[PDB]
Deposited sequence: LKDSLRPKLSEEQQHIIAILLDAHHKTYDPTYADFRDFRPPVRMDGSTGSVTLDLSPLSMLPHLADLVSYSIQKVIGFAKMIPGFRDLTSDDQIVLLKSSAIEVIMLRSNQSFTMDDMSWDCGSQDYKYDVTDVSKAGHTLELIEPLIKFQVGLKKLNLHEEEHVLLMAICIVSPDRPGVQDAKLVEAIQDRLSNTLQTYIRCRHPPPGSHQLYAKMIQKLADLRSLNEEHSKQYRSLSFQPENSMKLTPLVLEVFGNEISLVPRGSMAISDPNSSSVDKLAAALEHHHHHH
């Protein structure tokens, strides 16, 4: 069974997610509006969407048990490299297989393959991204596993630039062990079949998605007129080599 610390960690991560993920998407009204007619007409809306999502990712990250014991530099490294990955992961909540799209409450805020294209990205990212979303959906994760996965994703010792790798590893292992134990104690067969390994694999998928996103973002942002359409937080986190 799950220890009291493990139950504690789960309760903390659930609450941290509830406080940083608004399932009514009510804040989407504050973003630059979506335009669907290239011009890259979806870049101002989606730039704001990602920018907003970074802030929420940070808010969640601060509440991860053990995260606060890291230096602020390492906090920075972990967030800079993981943010795109956790946005893709957390976006699974809005993703729907009915039509292979992210459904955020309304037609304006429903984003399909071509909306993402209209933000400067190609099928080289979008196709594996959608495939990720599908493979992830099909795990039918408990909300508890989802929040653990986002946490394990953030606290990853192999991230480039990490100083106190040992301490990051110890923090991850504690979450990892909470995940494995949660799966054995609270996820019934058959759904729990090789579930941990399938979740770790999704983190491997995210590393490729991350790399590909970095290449396309690099190319997108070099062009000063695209960079003009981004936010200052997106430039800071993803890069501003323009």
> Could you give the ranges of the deposited sequence that carry no C-alpha coordinates?
Replying inline: 1 to 7, 45 to 55, 261 to 292
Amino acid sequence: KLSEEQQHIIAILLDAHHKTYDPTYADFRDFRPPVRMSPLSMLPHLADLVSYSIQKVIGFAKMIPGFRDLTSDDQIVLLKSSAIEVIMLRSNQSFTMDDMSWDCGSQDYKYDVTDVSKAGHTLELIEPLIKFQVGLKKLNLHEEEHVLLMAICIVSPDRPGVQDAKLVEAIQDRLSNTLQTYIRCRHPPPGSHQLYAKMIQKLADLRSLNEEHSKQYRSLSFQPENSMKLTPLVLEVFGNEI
From here on, numbers count along this sequence of modelled residues.
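If you superpose the two forms and keep the largest set of C-alpha atoms that fall within 1.5 Å, you have the rigid core.
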> Which of these two stretches, 181 to 189 or 51 to 59, has the larger RMS Cα offset in 9 other deposited structures of this protein when the rigid core is kept aligned?
Replying inline: 181 to 189
> So which stretch wins on mean C-alpha B-factor, 174 to 182 or 50 to 58?
Replying inline: 174 to 182
> Mean C-alpha B-factor higher for 68 to 76, or for 146 to 154?
Replying inline: 68 to 76
> Which third of the chain holds residue 120 when residues are ordered by C-alpha B factor: lowest, middle or highest?
Replying inline: middle
>> Please place residue 214 in the lowest, middle or highest third of its chain according to the CA B-factor in the PDB entry.
In response: middle
> When the modelled residues of the chain are sorted by Cα temperature factor, does residue 139 land in the lowest, middle or highest third?
Replying inline: middle
>> Per the entry's values, where does residue 82 land by CA temperature factor relative to the rest of its chain, in the lowest, middle or highest third?
In response: lowest
>> Could you place residue 36 in the lowest, middle or highest third of its chain by Cα temperature factor, using the values in the record?
In response: highest
